[PDB]
Structures are given as structure tokens and as C-alpha cells.
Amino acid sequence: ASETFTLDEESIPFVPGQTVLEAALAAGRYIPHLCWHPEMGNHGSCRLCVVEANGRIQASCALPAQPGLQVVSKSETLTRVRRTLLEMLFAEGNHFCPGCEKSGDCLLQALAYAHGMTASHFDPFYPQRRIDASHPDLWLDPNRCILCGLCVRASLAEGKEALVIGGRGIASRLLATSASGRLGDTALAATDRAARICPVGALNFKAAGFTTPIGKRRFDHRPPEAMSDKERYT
């Protein structure tokens, strides 16, 4: 760690060229994020990581650390902009947490609690995508999927290439790369890194739900800031 930059009036060490997000988290200084992940690196879709620098707002997962770069991660504007993004993602899908088997074990939800989100102030989109329960060990509710793309990246990296995001605009959805469009016809296996990496309730194991008592779930009274990287990340 040769160089340093300023994150909220603090000298923060950095290996060039880590991004700001990478360097901050290495130093134990949390910044809201969703689509970033230690193994699969950045992506740039969620936008929760945004920060003020040069002298505009931009994603800290793409912002490269420079020596003596001046960075604000905590302001009223930044907390509002994030709150808003959290309302967009909730509005966009069917996040009925009360019957979701990732309630209390879900990053989107935990981020929402941490930004004191009370309700998404937008008209719901009530999308109408089909569940895919074709795989023997796995199932996919696509109305919960936030298009983080971790499942995709994970699968490219381990060679299975099972998934892909297709469509344009609000039609954008997660798709299986099989000719039939069915997860069961791809090479995806329950042992694959991709199988367990979804941070919300979209892609799940079959019949492994509601096994954890309320009170003892991954995020139960632990915001993302309070967690180690073991537990924070899928």
C-alpha cells in the first residue's frame, strides 16, 4: 500500500490502481454497495456505491484511486440518492419479503433497513415473469432479481456460462443460456460458485428455506457495516 487519498477527511492507504470502493473496504471503511463483490469485482448497475469527486457524483466501484483524491461518501445528498435507488429496486420487482425465503438473509433488504427505508414511494411495476424450477437442485424467481450480474460473472469465471442478462430497458431479465431457455438444460450445478452467489432471493437452492430462526439470520440486527467479509458476502 504505497499511496493514499482522502475519504471523508481521512487518509486512506491504496494500492494503485484499486478503485476507491476497493481501497475503502480494505481499510475497514464501509460504503453502500450491492453489485460489487470481492471475487467477482465491480459491475456498476446498482449505483449504491456513488460518491462525490471531481467534483461530481460517480460510482466508487469504477472510480480509480489517485494520490490525494478528495472523496465524500457521507452527505445528505448521497443518503437521499441511495434511498431513492432502494425505492426503485423495490418498486421495480415483487419484494414481498413476508414470504421470501431470503428475508433477514438478503442484502437489498438489509441496505433498505440501514437507510431507514420505510416504504418505496413509487407505484409498483408488478412484473409478470415466470419462475424457473426446471433445475433439480435450484430455482429462480426472476421478479426478485436486481440484475447485479453476480450469478452471470460467477458462471463465466468457472466455465459453465449458464446465465446471461438479456433484453433492453425495463424488459431486461436474467436468462439461462440453454437453447430451451431452461436452467435445467444448462451446465449449472448446485456446486457451482454461481449457484450460491445471488445476494437477494432470486436464485436459490431448492428446499432449503426457512431453516434459520427469526433472530438468528445473517442480517438480523446487523447492518452490512457490522459484518465481516465472510458473512457480508455470498
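All residue numbers refer to positions in the sequence shown, first residue = 1.
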Entry-level comparison of average CA B-factors, 6-14 and 211-219, reporting the higher stretch: 6-14
73-81 versus 92-100 - greater average Cα B-factor per the deposited record: 73-81
Top Cα B factor in the deposited entry, candidates 44, 201, 55, 38: 55
48, 188, 179, 174, ranked by C-alpha B-factor: the highest one: 179
Residue 118 by Cα B-factor - lowest, middle or highest third of the modelled chain: middle
Chain-relative CA temperature factor third for residue 159: highest
Chain-relative CA temperature factor third for residue 130: highest
Within-chain third of residue 65 by Cα B-factor, per the entry: highest
Ranked C-alpha temperature factor of residue 184 among modelled chain residues, by third: lowest
